[PDB]
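Quick note: numbers below take in every heavy atom, side chains included, and nothing from hydrogens, waters or symmetry partners. Order of listing sets the numbers, starting from 1, for every ligand and every atom in it. To find a chain, count down the sequence lines: A is the first, B the second, and so on, and within it residues start at 1.
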Number of protein chains: 2
Amino acid sequence: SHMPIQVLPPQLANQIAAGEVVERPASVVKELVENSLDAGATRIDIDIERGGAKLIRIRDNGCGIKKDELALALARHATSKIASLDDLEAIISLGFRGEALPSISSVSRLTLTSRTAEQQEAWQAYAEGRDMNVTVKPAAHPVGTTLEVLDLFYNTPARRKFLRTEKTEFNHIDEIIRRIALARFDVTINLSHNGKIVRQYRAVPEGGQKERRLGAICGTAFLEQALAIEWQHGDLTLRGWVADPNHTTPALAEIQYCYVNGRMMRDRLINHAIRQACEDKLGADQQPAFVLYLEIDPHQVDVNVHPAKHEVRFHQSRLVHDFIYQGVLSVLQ
Amino acid sequence: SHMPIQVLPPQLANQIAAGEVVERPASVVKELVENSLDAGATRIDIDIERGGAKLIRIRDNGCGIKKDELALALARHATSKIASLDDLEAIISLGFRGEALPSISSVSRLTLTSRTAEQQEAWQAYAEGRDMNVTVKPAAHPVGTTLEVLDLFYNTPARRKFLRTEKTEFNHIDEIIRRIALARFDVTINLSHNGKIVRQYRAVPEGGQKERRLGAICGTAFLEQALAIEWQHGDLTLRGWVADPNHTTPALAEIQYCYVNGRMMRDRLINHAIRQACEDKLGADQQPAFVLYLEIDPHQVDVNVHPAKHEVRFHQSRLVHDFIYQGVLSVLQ
Ligand SMILES: Nc1ncnc2c1ncn2[C@@H]1O[C@H](COP(=O)(O)OP(=O)(O)NP(=O)(O)O)[C@@H](O)[C@H]1O
Ligand SMILES: Nc1ncnc2c1ncn2[C@@H]1O[C@H](COP(=O)(O)OP(=O)(O)NP(=O)(O)O)[C@@H](O)[C@H]1O
Ligand SMILES: [Mg+2]
Ligand SMILES: [Mg+2]
Ligand code: NA
Ligand code: NA
């Protein structure tokens, strides 16, 4: 009661939000790359410097940002992905909070450069000050968007303390990129670190062979044990791969990539199902190696549980679990 | 790009926020009760109806809310607990986002009734509409604050679906109240369900005996095996109780309450430390029963990681772990 109930300053309120969604450089990358995916992007180039604590440049060939919408794009609670409660209960895109851009820009130097197909001129935008004021200016840029985030946490001393080493932090970026490359085989992704190309995942065309990118990501060992899954029931569909438990090593058990409607996710439920399927098949229980994709009606899953979409809750919980269990158990036989 | 980048409506933006912090009735209770604690409250009465899906009434004898600050209290990003980045990096209260009240009021009928010691008159306030407009009016109320949340999720059909049974949901409230009663022995707390008193934890006076409330909460079995801990090193202090691993049952292992600066918390780090201490002491590894309290300089711990403060990150990670490990290991010998 000594201090008055007061509205938080624009920038500080955003940093608090940034703390719950922007953990480290890998997190900045996840969000910006997911924006590119939503923008219809087909080629995404990521350039990192000093593990991303120095620079994070993400360029995409997505639809781009309108000039008169550059500022809105950097505003809080501003999004083009949903406009009602209905749209929310049926999320069909990675983003929907309209919080990512303003959050990251409040703890770094974020520059947004974009051009839509209907524009001859390209534009650049960024927020500054205690109030996060936006300024828009000319710039040369092809159709699409380039995000440039510099000096992550340069203005949040405390959080900068938690940054690991260049190598470690970049390693996390690499793993996140790896996860996204597996969610969208149809998307070409290039990753560079300190001027050198670390990796490049070329797109897998219509009905093309996925195994190729699969092996390039998870390794050849995994590809040899990988058992393709195709299990469906109405609006529940399980696809992807599961390696034979009898032939899974601790090294392979590192590959436990799971997706819900194309969104990377680590859900205790799904994981429990897949494992039970391997415990009841094989003799003992152990860590399985997999890359499963669960497609489901967006009304049966709630993704508004974590500010970073790290968790989900299935309405019909038991059903979903039994579904994945059978699916996996079906292939192990 | 078809839909324009647009700012979300007041109410919908809050519901999205509510989804990340207000899981179920127990969550509403946690937040409101934590507000009472911050308000200097010494007696907190909680009344629940139909597992809290019908009504959640929390009355406290805290300092209360100023009349001209009732609206601010219900606004977004509005708080009296912090006003700068400095205040944040050194959190000394349960709340600091200024998001709890508006979030819950956007998914229920929340009525705030309060009076400060300097006011003769009491007031009542609540938000309504797509824009969350506040209205303030007369009301009779002693010094303090009463929160009344009705029809949780009445306007969010999807989330209402996830509510368990009356008994289950109330069971979660009971467990949360149990956790808070353990964090503040000096606070009298009364809990009722459907007009009947379920529990009442009376305050433990200055230096009084805690064991009494300890046994009333965790049970007598735990109290018999409980080993008091008192381990300090500078600004790191570990207090509380740990039962002998050799005499811990699966029933007792249900008691694994941990606190950081008086804030209930379940951290994998701390848990790992306590267990390692029991694995290296006893023969095998297993679930330990405990009620530990970790006090530490607010600059060594970051609590701005989860919108509901469900997680933390220690700056000097290894040190903290070794500290709790020794502390526990010290008592087991
Ligand atoms: N690379 C991009 N290309 C085109 N439009 C973009 C790009 N990145 C962002 N946008 C637009 O900017 C708006 C949002 O930025 P952002 O702040 O990330 O929120 P969001 O995507 O709406 N939801 P969330 O991620 O949950 O915060 C989006 O709604 C898009 O319309
Ligand atoms: N029971 C109460 N008694 C007195 N003041 C209260 C009470 N509950 C809330 N308030 C005041 O209302 C303001 C905030 O409500 P709330 O929306 O819960 O945010 P917060 O406590 O600031 N932070 P957070 O919980 O992280 O959102 C507080 O900052 C207090 O000043
Ligand atoms: Mg986004
Ligand atoms: Mg609060
Ligand atoms: Na935005
Ligand atoms: Na508030």
At the Na ion (ligand 5), what's the angle from A:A78 O to A:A75 O, rounded to 10 degrees? 100°
For ligand 2, which part of B:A100 has a heavy atom less than 4.0 Å away: the side chain, the backbone, both, or neither? both
Non-hydrogen atoms of B:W123 and B:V136 that approach each other most closely: CE3-CG1, 3.9 Å
Aromatic ring pairing B:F170/B:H193, orientation class (parallel under 30°, perpendicular over 60°, tilted between): parallel
I'd like to check whether B:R97 has a polar contact with ligand 2, where a contact means an N/O of the residue lying under 3.5 Å from an N/O of the ligand. yes
3.0 Å cut-off met by an N, O or S atom of A:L74 to the Na ion (ligand 5): no
Counting non-hydrogen protein atoms only, what is the nearest one to atom 5 (N) of ligand 2? Give residue, atom name and distance. B:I65 CG1, 3.3 Å
Among all protein heavy atoms, pick the one closest to atom 20 (P) of ligand 2 and tell me residue, atom and distance. B:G98 N, 3.7 Å
Applying ring-ring contact (aromatic ring centres under 6.0 Å, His included), run through B:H310 and A:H310 and close with a yes or a no. CA-CA 14 Å; B:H310 287 170; A:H310 287 170; over 10 Å; no
Within a distance under 4.0 Å of any heavy atom of B:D60, pick out the atoms of ligand 2 and give their elements. 1 (N), 2 (C)
Between A:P102 and A:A75, which heavy-atom pair has the shortest distance, and what is it? CG-O, 3.4 Å
I'd like to check which ligand 2 atoms, numbered from 1 as shown, lie under 4.0 Å from a non-hydrogen atom of B:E31. 25 (O)
Near B:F96 (heavy-atom distance under 4.0 Å), the atoms of ligand 2 are 23 (N), 24 (P), 26 (O)
Nearest neighbour in protein (non-hydrogen) for atom 22 (O) of ligand 2: B:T79 OG1, 2.6 Å
Closest heavy-atom pair and its distance - A:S36, A:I58: OG-CG2, 3.9 Å
Do you know which two heavy atoms are closest between A:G95 and A:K309, and how far apart they sit? CA-NZ, 4.0 Å
For ligand 2, which atoms, with element, lie under 4.0 Å from some heavy atom of B:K309? 24 (P), 25 (O), 26 (O)
Distance under 4.0 Å to a non-hydrogen atom of B:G95: what atoms of ligand 2 satisfy this? 21 (O), 23 (N), 24 (P), 25 (O), 26 (O)
Would A:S106 and A:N14 count as a side chain to side chain donor-acceptor pair (under 3.5 Å) if you check the C-alpha gap in whole Å, the side-chain angles of each, and the deciding distance to 0.1 Å? CA-CA 6 Å; A:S106 76; A:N14 287 305; 5.3 Å; no
Are any non-hydrogen side-chain atoms of A:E118 and A:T116 less than 4.5 angstrom apart? yes
Examine ligand 2 and decide if any of its atoms is less than 4.0 Å from a heavy atom belonging to B:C63. no
Is the B:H315 ring parallel, tilted or perpendicular to the A:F162 ring (thresholds 30°, 60°)? tilted
What's the shortest distance from atom 17 (O) of ligand 2 to any protein heavy atom, and which residue and atom give it? B:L101 N, 2.8 Å
Under a 4.0 angstrom heavy-atom cut-off, which atoms of ligand 2 come close to B:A73? 12 (O), 15 (O), 17 (O)
Nearest non-hydrogen protein atom, atom 8 (N) of ligand 2: B:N35 CB, 3.2 Å
Classify the angle between the aromatic ring planes of B:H77 and A:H77 as parallel (below 30°), tilted (30 to 60°) or perpendicular (above 60°). parallel
Which residue owns the protein heavy atom closest to atom 21 (O) of ligand 2, what's the atom, and how far is it? B:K81 NZ, 2.8 Å
Protein contact to atom 14 (C) of ligand 2 [nearest heavy atom, distance to 0.1 Å]: B:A78 O, 4.0 Å
for atom 13 (C) of ligand 2, nearest protein heavy atom and its distance come out as A:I5 CD1, 3.9 Å
A:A73 near the Na ion (ligand 5) via N/O/S, less than 3.0 Å: yes
Chi angles and distances behind the side-chain contact (heavy atoms from CB on, under 4.5 Å) call for B:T188, B:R202: CA-CA 5 Å; B:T188 302; B:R202 193 64 217 191; 3.1 Å; yes
For residues B:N304 and A:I16, report the shortest heavy-atom separation together with the two atoms involved. ND2-O, 3.0 Å
Output, in order, the C-alpha distance, side-chain angles, deciding distance and verdict of salt bridge (charged side-chain N to carboxylate O under 4.0 Å, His left out) for B:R199 and B:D174. CA-CA 9 Å; B:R199 41 206 52 171; B:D174 198 355; 2.7 Å; yes
Any B:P102 heavy atom less than 4.0 Å from ligand 2: yes
Looking at B:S80, which atoms of ligand 2 are within less than 4.0 Å of one of its heavy atoms? 28 (C), 29 (O), 30 (C), 31 (O)
Does even one non-hydrogen atom of B:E34 get within less than 4.0 Å of ligand 2? no
Between B:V21 and B:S27, which heavy-atom pair has the shortest distance, and what is it? O-CB, 3.8 Å
